[PDB]
Structures are given as structure tokens and as C-alpha cells.
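Given as C-alpha cells, the chain that follows is alone and in the form deposited in one PDB entry.
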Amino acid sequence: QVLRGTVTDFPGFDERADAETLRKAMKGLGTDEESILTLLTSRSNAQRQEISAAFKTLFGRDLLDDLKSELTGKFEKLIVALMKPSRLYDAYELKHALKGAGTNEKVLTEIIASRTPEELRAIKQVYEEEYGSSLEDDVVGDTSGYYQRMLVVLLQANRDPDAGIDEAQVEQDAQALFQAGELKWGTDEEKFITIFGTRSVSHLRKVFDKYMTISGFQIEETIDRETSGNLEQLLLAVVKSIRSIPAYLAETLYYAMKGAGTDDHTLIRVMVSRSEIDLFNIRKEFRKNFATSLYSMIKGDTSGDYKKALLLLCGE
């Protein structure tokens, strides 16, 4: 999914001095938001958890409850997201798209399609431990049809391991996709799901090329031509992630920031979930496509402390 994040372990880290630094920034009338945003933004997540622990043993206070009572809005929502242990952030985001009453499919899609099987295994485990219920049971209860089925397949976190290309198998899957969509009166979604959901990543990159070659269409155009609604978005997320997780996340960031507004929720989530994985690589793919740094888009799209914090996450 990887290569590099923007946030790194600060050197000569002292969670006791940091905890006092944060106590100071909140103690009394007012909040020193800048001292908060600068400290939390230059501490890796593991270090934020140590701070939180030091704070509680120093003052008998919950750091998270204090930040929430001192901060407000998006900047708040961003600090809260940043304090969330890495291990639980995606489970949280997933939990939260499944509740409140109405289901947020863009969040299921985004996360399930862009995380690896190894990340999904981890995610399934912590969601169960944290919410009791099974991620899988919760998706299915809130979704239906091929969209639900495609998510269930991905949730198995059982994609074939990369392994030297079987050209006969590449031609057969490309031909199968050709026959299931373009040559078919209607569509065979089941075939798309099986191939997208279980073939190895190196194998599907090859299938996508062979598919183009055979049909004169990119698989994304076919998806657009043959599917609609939630399934379409997902199939496109999966294909884009196969091709490049970074590129898909960069793209996700972009469309978050271009409307007559800003998707703060989305914006936070990708910047925070990927800061210690591949935000760096998302940076370069943002520039590469869209032509513009993420810094400026963000810089031009956001205000305040929020803006400062975001840019602090992003860099260069």
C-alpha cells in the first residue's frame, strides 16, 4: 500500500514534557491551539499514545476529553482523528459509516477497496474486539446486492499471492471479463466480482492491459458502461487501487477538494489514515495527475488551525 508517510517519530521524545506542554496549552481560560497543533503534528501516533498515557498519570485527566472540550469544529475533528490509535482508526471510521442510522457507502468503499488483505485482517480483528460485532456482519446488515457481495469478497482478505504470470490465465480472465460485460446483453456481475476480488494484484494489472488490447476499452470504461450505483464506484475503487493505492487515494483527496466546498470528513480521514504509510507517495501522485501540490489545494481550500494542522501533516 506503502513506501512512505509524512509523519515520523520525533527524536528525543519526552512524553512527560509533552504532556506538560499540552496541560499548559489548555490550563485556564483559553487554549493555545498553535502549541497543540504543532506538538501533535510532529509526534508519530505511537508517540501521541505515550503522551496521552503520561498526561493521565501526571494529571489524572483524559487528554482526549480535554482536547474535545477545548477545541472546536474541523480542527477539533482533526485532532481527535490524530489521537486515535492507528490500529483502531479504520475500524472506527468503518464503525461510524455503519451507524448513526444511515450508512455512508463512500467510506465502506474507500477503505475496503484501498486496504490490503493484511490490513483488512487486522481491521476485522480490532473492530470485533472494539465493537463486539463482526465487521462482515455489520456490512451485510447495512448493504445489499452485488455491492454487498463485492464487499464481502474483499473482507475475506484472501486474494491470491503475487506469483509469476500465467499468460494463459491472463488471456482467460480478460476474455471472461469481455464476455461478462461488453459481449453480454446485460452483465455477469458475479464474474467481475470473483476476478476483481480474488486474483493477485500483479495478475490483475496484466489482465487490465490484456483487456484493453482485446476490447479497445480500458476496464474502467467498461465498468462505467456496464454498471451503475454503488457497485460501479466500488468496482472502480478496486481497479484504481490495484493499479495504485496512492493514486486512488490522491484522486479521492482531489475530488474531496474541488466541489463548491470541501469534504472535511474525507479529507481528514485520508490525511490521517495515510500519514504514516504513503501520504508521501499520495503527494507525488496528486502532483503527477491533477497538476498541483496537495499543499496548495489544501492551503487554498482550508481555513484556521485546521488549515495549519493539515499543511503540517502534508508538507513541502
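Numbering starts at 1 and runs along the sequence shown. We call the rigid core whatever largest set of C-alpha positions still superposes within 1.5 Å between the two forms.
Although not depicted, the form solved in complex with a small molecule is the subject of the following passage.
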Answer option from 95, 106, 205, 124, heavy atom within 4.5 Å of the small molecule in the deposited complex: 205
One residue of 170, 139, 82, 242 in contact with the small molecule, assessed in the deposited complex (non-hydrogen atom, 4.5 angstroms): 242
Non-hydrogen atom contact residue 277 with the small molecule in the deposited complex at 4.5 angstroms: yes
Non-hydrogen atom contact residue 152 with the small molecule in the deposited complex at 4.5 angstroms: no
Contact test in the deposited complex: residue 182 vs the small molecule, heavy atoms, 4.5 Å: no
The small molecule contact in the deposited complex: residue 201, any heavy atom under 4.5 Å: yes
Interface stretch in the deposited complex with the small molecule - options 116 to 124, 130 to 138, 96 to 104, 228 to 236, non-hydrogen atom within 4.5 Å: 116 to 124
Answer among 80, 122, 195, 165 for the CA shift between the shown form and the other one that reaches 2 Å or more, rigid core superposed: 165
C-alpha of residue 103 off by 2 Å or more between the shown form and the other one on rigid core: yes
Residue 186: Cα shift of 2 Å or greater between the shown form and the other one (core-aligned): yes
Core-aligned C-alpha movement of residue 224 between the shown form and the other one, 2 Å or more: yes
Direction of Cα pair change residue 114-residue 101 in the deposited complex, magnitude 3 angstroms or more: closer
Shift in CA distance, residue 225 and residue 107, in the deposited complex relative to the form shown here, given it is 3 Å or more: closer
